[PDB]
$ cat structure_23.cif   # mmCIF, C-alpha atoms
data_protein
loop_
_atom_site.group_PDB
_atom_site.id
_atom_site.type_symbol
_atom_site.label_atom_id
_atom_site.label_comp_id
_atom_site.auth_asym_id
_atom_site.auth_seq_id
_atom_site.Cartn_x
_atom_site.Cartn_y
_atom_site.Cartn_z
ATOM 1 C CA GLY A 1 14.680 -7.713 -17.752
ATOM 2 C CA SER A 2 15.311 -4.334 -16.141
ATOM 3 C CA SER A 3 19.024 -3.603 -15.750
ATOM 4 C CA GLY A 4 21.782 -1.459 -17.225
ATOM 5 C CA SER A 5 24.092 1.114 -15.655
ATOM 6 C CA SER A 6 21.904 1.835 -12.629
ATOM 7 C CA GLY A 7 23.722 5.148 -12.316
ATOM 8 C CA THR A 8 22.507 7.813 -14.731
ATOM 9 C CA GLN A 9 19.003 9.286 -14.863
ATOM 10 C CA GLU A 10 18.322 6.564 -17.432
ATOM 11 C CA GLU A 11 17.761 4.131 -14.562
ATOM 12 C CA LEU A 12 15.087 6.407 -13.099
ATOM 13 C CA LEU A 13 13.465 7.546 -16.346
ATOM 14 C CA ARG A 14 12.985 4.044 -17.752
ATOM 15 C CA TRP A 15 11.731 2.872 -14.357
ATOM 16 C CA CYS A 16 9.224 5.731 -14.250
ATOM 17 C CA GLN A 17 8.186 5.036 -17.843
ATOM 18 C CA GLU A 18 7.027 1.501 -17.053
ATOM 19 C CA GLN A 19 5.088 2.891 -14.090
ATOM 20 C CA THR A 20 3.375 5.861 -15.737
ATOM 21 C CA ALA A 21 2.897 3.739 -18.856
ATOM 22 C CA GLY A 22 -0.174 2.149 -17.300
ATOM 23 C CA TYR A 23 -1.770 5.563 -16.853
ATOM 24 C CA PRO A 24 -3.519 6.581 -20.101
ATOM 25 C CA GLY A 25 -2.177 9.826 -21.529
ATOM 26 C CA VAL A 26 0.903 9.867 -19.309
ATOM 27 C CA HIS A 27 4.050 9.374 -21.385
ATOM 28 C CA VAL A 28 7.360 10.108 -19.660
ATOM 29 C CA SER A 29 9.880 10.748 -22.435
ATOM 30 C CA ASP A 30 12.025 13.334 -20.651
ATOM 31 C CA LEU A 31 12.342 14.655 -17.099
ATOM 32 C CA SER A 32 11.900 18.235 -18.304
ATOM 33 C CA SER A 33 8.314 18.962 -19.342
ATOM 34 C CA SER A 34 6.844 15.455 -19.443
ATOM 35 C CA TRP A 35 6.374 15.813 -15.688
ATOM 36 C CA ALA A 36 5.373 19.478 -15.857
ATOM 37 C CA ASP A 37 1.824 18.591 -16.897
ATOM 38 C CA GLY A 38 1.103 17.078 -13.495
ATOM 39 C CA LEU A 39 -0.462 13.710 -14.282
ATOM 40 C CA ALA A 40 2.974 12.105 -14.563
ATOM 41 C CA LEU A 41 3.636 12.377 -10.826
ATOM 42 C CA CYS A 42 0.037 11.291 -10.251
ATOM 43 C CA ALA A 43 0.480 8.119 -12.300
ATOM 44 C CA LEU A 44 3.851 7.253 -10.768
ATOM 45 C CA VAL A 45 2.262 7.487 -7.319
ATOM 46 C CA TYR A 46 -1.077 5.822 -8.048
ATOM 47 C CA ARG A 47 0.752 2.998 -9.822
ATOM 48 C CA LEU A 48 3.505 2.489 -7.248
ATOM 49 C CA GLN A 49 0.647 1.642 -4.887
ATOM 50 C CA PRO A 50 -2.487 0.148 -6.499
ATOM 51 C CA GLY A 51 -4.034 0.060 -3.039
ATOM 52 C CA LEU A 52 -4.336 3.829 -2.688
ATOM 53 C CA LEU A 53 -7.475 5.593 -3.917
ATOM 54 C CA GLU A 54 -7.859 6.251 -7.643
ATOM 55 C CA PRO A 55 -7.701 9.555 -9.569
ATOM 56 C CA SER A 56 -11.435 10.258 -9.719
ATOM 57 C CA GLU A 57 -10.981 14.024 -10.015
ATOM 58 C CA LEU A 58 -7.393 14.272 -11.255
ATOM 59 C CA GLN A 59 -8.921 12.958 -14.481
ATOM 60 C CA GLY A 60 -10.174 16.429 -15.352
ATOM 61 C CA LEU A 61 -8.079 18.676 -13.120
ATOM 62 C CA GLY A 62 -5.680 21.516 -13.866
ATOM 63 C CA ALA A 63 -2.050 20.807 -14.718
ATOM 64 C CA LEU A 64 -1.339 21.991 -11.175
ATOM 65 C CA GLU A 65 -4.392 20.544 -9.427
ATOM 66 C CA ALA A 66 -2.943 17.126 -10.254
ATOM 67 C CA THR A 67 0.655 17.590 -9.112
ATOM 68 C CA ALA A 68 -0.866 18.787 -5.840
ATOM 69 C CA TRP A 69 -2.324 15.365 -5.045
ATOM 70 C CA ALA A 70 0.764 13.421 -6.119
ATOM 71 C CA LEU A 71 2.963 15.417 -3.741
ATOM 72 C CA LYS A 72 0.326 14.708 -1.094
ATOM 73 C CA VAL A 73 -0.258 10.961 -1.417
ATOM 74 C CA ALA A 74 3.508 10.779 -1.912
ATOM 75 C CA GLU A 75 4.324 12.689 1.274
ATOM 76 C CA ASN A 76 1.681 10.745 3.203
ATOM 77 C CA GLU A 77 1.791 7.161 1.935
ATOM 78 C CA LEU A 78 5.153 6.939 0.169
ATOM 79 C CA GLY A 79 6.501 9.457 2.664
ATOM 80 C CA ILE A 80 8.536 11.159 -0.050
ATOM 81 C CA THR A 81 8.739 14.688 1.354
ATOM 82 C CA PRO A 82 7.989 17.327 -1.313
ATOM 83 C CA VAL A 83 11.472 18.583 -2.183
ATOM 84 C CA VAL A 84 10.008 20.705 -4.979
ATOM 85 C CA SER A 85 7.005 23.040 -4.933
ATOM 86 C CA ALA A 86 4.118 21.686 -7.005
ATOM 87 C CA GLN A 87 4.399 25.029 -8.796
ATOM 88 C CA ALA A 88 8.100 24.694 -9.602
ATOM 89 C CA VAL A 89 7.473 21.241 -11.067
ATOM 90 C CA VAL A 90 4.601 22.257 -13.343
ATOM 91 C CA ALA A 91 5.588 25.884 -13.918
ATOM 92 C CA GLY A 92 8.974 24.603 -15.048
ATOM 93 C CA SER A 93 11.358 26.848 -13.127
ATOM 94 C CA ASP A 94 13.461 24.357 -11.171
ATOM 95 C CA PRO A 95 14.276 21.382 -13.436
ATOM 96 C CA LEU A 96 16.838 20.175 -10.894
ATOM 97 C CA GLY A 97 14.530 19.863 -7.904
ATOM 98 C CA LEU A 98 12.189 17.565 -9.814
ATOM 99 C CA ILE A 99 15.019 15.167 -10.652
ATOM 100 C CA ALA A 100 16.007 14.948 -6.987
ATOM 101 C CA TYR A 101 12.355 14.630 -5.976
ATOM 102 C CA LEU A 102 11.768 11.592 -8.187
ATOM 103 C CA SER A 103 15.125 10.059 -7.263
ATOM 104 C CA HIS A 104 13.572 9.475 -3.841
ATOM 105 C CA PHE A 105 10.696 7.438 -5.278
ATOM 106 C CA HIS A 106 13.049 5.031 -7.050
ATOM 107 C CA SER A 107 15.690 4.953 -4.312
ATOM 108 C CA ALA A 108 12.835 3.495 -2.264
ATOM 109 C CA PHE A 109 10.994 1.576 -4.984
ATOM 110 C CA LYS A 110 14.078 0.328 -6.829
ATOM 111 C CA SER A 111 15.523 -3.143 -7.411
ATOM 112 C CA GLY A 112 18.352 -4.871 -9.253
ATOM 113 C CA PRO A 113 22.152 -4.536 -9.458
ATOM 114 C CA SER A 114 23.746 -1.930 -7.191
ATOM 115 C CA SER A 115 27.075 -1.383 -8.950
ATOM 116 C CA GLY A 116 26.738 -2.223 -12.631
#
$ encode --input "structure_23.cif" --output "C-alpha coordinates"
Amino acid sequence: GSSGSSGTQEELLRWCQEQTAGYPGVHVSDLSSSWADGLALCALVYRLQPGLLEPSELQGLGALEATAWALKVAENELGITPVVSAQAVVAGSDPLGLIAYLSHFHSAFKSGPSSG
(Lines of atoms letter the chains of each structure in order from A and count residues from 1; the text may use other names and numbers.)
(Lines give C-alpha, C1' and ligand atoms only; values in the text may rest on other atoms or scores of the structure.)
Protein backbone atom coordinates (compact mmCIF):
# COMPACT_ATOMS: atom_id res chain seq x y z
CA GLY A 1 0.00 0.00 0.00
CA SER A 2 2.78 2.42 -0.90
CA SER A 3 1.74 4.86 -3.63
CA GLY A 4 0.79 8.49 -4.14
CA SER A 5 2.27 11.21 -6.34
CA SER A 6 5.68 9.58 -6.75
CA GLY A 7 7.03 13.02 -7.60
CA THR A 8 7.65 15.23 -4.58
CA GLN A 9 10.10 14.52 -1.75
CA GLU A 10 7.12 12.91 -0.03
CA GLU A 11 7.76 9.77 -2.08
CA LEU A 12 11.33 9.60 -0.78
CA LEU A 13 10.69 10.69 2.81
CA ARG A 14 7.89 8.19 3.44
CA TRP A 15 9.96 5.47 1.76
CA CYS A 16 12.93 6.30 3.99
CA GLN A 17 10.68 6.40 7.06
CA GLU A 18 9.60 2.77 6.64
CA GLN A 19 13.26 1.82 6.23
CA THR A 20 14.79 3.74 9.13
CA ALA A 21 11.72 2.88 11.21
CA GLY A 22 13.20 -0.52 11.98
CA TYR A 23 16.30 1.11 13.45
CA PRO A 24 15.64 2.04 17.10
CA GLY A 25 16.04 5.75 17.77
CA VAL A 26 16.06 6.70 14.09
CA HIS A 27 12.95 8.70 13.22
CA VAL A 28 12.95 10.48 9.86
CA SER A 29 10.37 13.26 10.12
CA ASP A 30 12.07 15.82 7.89
CA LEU A 31 15.02 15.83 5.48
CA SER A 32 16.61 18.77 7.30
CA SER A 33 18.05 17.74 10.67
CA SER A 34 16.56 14.27 11.10
CA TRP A 35 19.42 13.04 8.91
CA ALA A 36 21.99 15.40 10.43
CA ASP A 37 22.45 13.14 13.46
CA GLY A 38 24.07 10.45 11.34
CA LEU A 39 22.26 7.27 12.33
CA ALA A 40 19.50 7.97 9.81
CA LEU A 41 21.77 7.29 6.82
CA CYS A 42 23.17 4.32 8.74
CA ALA A 43 19.72 2.79 9.23
CA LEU A 44 18.61 3.42 5.65
CA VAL A 45 21.72 1.60 4.44
CA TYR A 46 21.81 -1.24 6.96
CA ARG A 47 18.11 -1.85 6.35
CA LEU A 48 18.17 -1.62 2.56
CA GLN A 49 20.52 -4.60 2.77
CA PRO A 50 20.05 -6.91 5.79
CA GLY A 51 22.95 -8.96 4.48
CA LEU A 52 25.59 -6.33 5.17
CA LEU A 53 27.33 -6.24 8.55
CA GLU A 54 25.51 -4.70 11.51
CA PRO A 55 26.18 -1.42 13.36
CA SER A 56 28.26 -2.84 16.21
CA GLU A 57 30.13 0.42 16.82
CA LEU A 58 27.80 2.96 15.21
CA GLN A 59 25.64 2.19 18.24
CA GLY A 60 27.76 4.49 20.38
CA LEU A 61 29.57 6.62 17.81
CA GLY A 62 29.68 10.36 17.19
CA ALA A 63 27.01 12.05 15.10
CA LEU A 64 29.67 12.17 12.39
CA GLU A 65 31.36 8.82 13.05
CA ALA A 66 28.08 7.23 11.95
CA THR A 67 27.41 9.15 8.73
CA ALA A 68 30.96 8.17 7.78
CA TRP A 69 30.09 4.47 7.60
CA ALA A 70 26.78 4.99 5.80
CA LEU A 71 28.49 6.93 3.01
CA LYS A 72 31.00 4.08 2.90
CA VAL A 73 28.81 0.97 2.81
CA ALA A 74 26.61 3.02 0.48
CA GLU A 75 29.44 3.88 -1.92
CA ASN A 76 30.75 0.31 -1.77
CA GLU A 77 27.72 -1.98 -1.66
CA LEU A 78 24.87 0.24 -2.84
CA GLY A 79 27.37 2.09 -5.02
CA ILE A 80 25.69 5.41 -4.25
CA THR A 81 28.63 7.78 -4.68
CA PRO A 82 28.85 10.31 -1.82
CA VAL A 83 27.42 13.44 -3.41
CA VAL A 84 27.58 15.23 -0.06
CA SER A 85 30.43 15.40 2.46
CA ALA A 86 29.62 13.49 5.65
CA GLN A 87 30.35 16.82 7.32
CA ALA A 88 27.90 18.82 5.22
CA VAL A 89 25.16 16.30 6.00
CA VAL A 90 25.65 16.30 9.78
CA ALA A 91 27.01 19.83 10.18
CA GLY A 92 23.92 21.04 8.34
CA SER A 93 25.40 23.42 5.78
CA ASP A 94 24.17 21.97 2.48
CA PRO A 95 20.53 20.86 2.90
CA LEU A 96 20.24 20.46 -0.88
CA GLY A 97 23.07 17.98 -1.38
CA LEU A 98 21.54 15.58 1.14
CA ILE A 99 18.23 15.53 -0.73
CA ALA A 100 20.00 14.67 -3.98
CA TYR A 101 22.17 12.12 -2.18
CA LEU A 102 19.19 10.19 -0.83
CA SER A 103 17.28 10.50 -4.11
CA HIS A 104 19.87 8.08 -5.49
CA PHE A 105 19.06 5.43 -2.88
CA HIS A 106 15.36 5.42 -3.77
CA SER A 107 15.84 5.88 -7.52
CA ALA A 108 17.62 2.53 -7.21
CA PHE A 109 15.57 0.96 -4.42
CA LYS A 110 12.18 2.26 -5.55
CA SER A 111 9.04 0.55 -6.83
CA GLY A 112 5.48 1.35 -7.87
CA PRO A 113 3.77 3.73 -10.33
CA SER A 114 6.06 5.85 -12.50
CA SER A 115 3.69 8.65 -13.52
CA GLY A 116 0.97 9.04 -10.91
$ resolve_selection --input "structure_23.cif" --expression "the PyMOL selection byres ((chain A and resi 15-28) around 10)" --output "ChimeraX atom specification"
/A:2-3,9-14,29-35,37-48,102,105-106,109-111
$ closest_residue --input "structure_23.cif" --among "A:52, A:108, A:36, A:98" --to "residue 84 of chain A" --atoms "only C-alpha atoms"
A:98
$ closest_residue --input "structure_23.cif" --among "A:104, A:95, A:7, A:59" --to "residue 79 of chain A" --atoms "all atoms listed in the file"
A:104
$ atom_distance --input "structure_23.cif" --atom1 "atom CA of residue 87 of chain A" --atom2 "atom CA of residue 64 of chain A"
6.9 Å
$ closest_residue --input "structure_23.cif" --among "A:97, A:83, A:77, A:113" --to "residue 50 of chain A" --atoms "only C-alpha atoms"
A:77
$ atom_distance --input "structure_23.cif" --atom1 "atom CA of residue 100 of chain A" --atom2 "atom CA of residue 75 of chain A"
14.5 Å
$ atom_distance --input "structure_23.cif" --atom1 "atom CA of residue 116 of chain A" --atom2 "atom CA of residue 99 of chain A"
21.1 Å
$ axis_aligned_box --input "structure_23.cif" --around "segment 61-72 of chain A" --padding-each-side "5 Å" --output "AutoDock Vina command-line options"
--center_x -2.6 --center_y 17.7 --center_z -7.9 --size_x 21.0 --size_y 18.6 --size_z 23.6
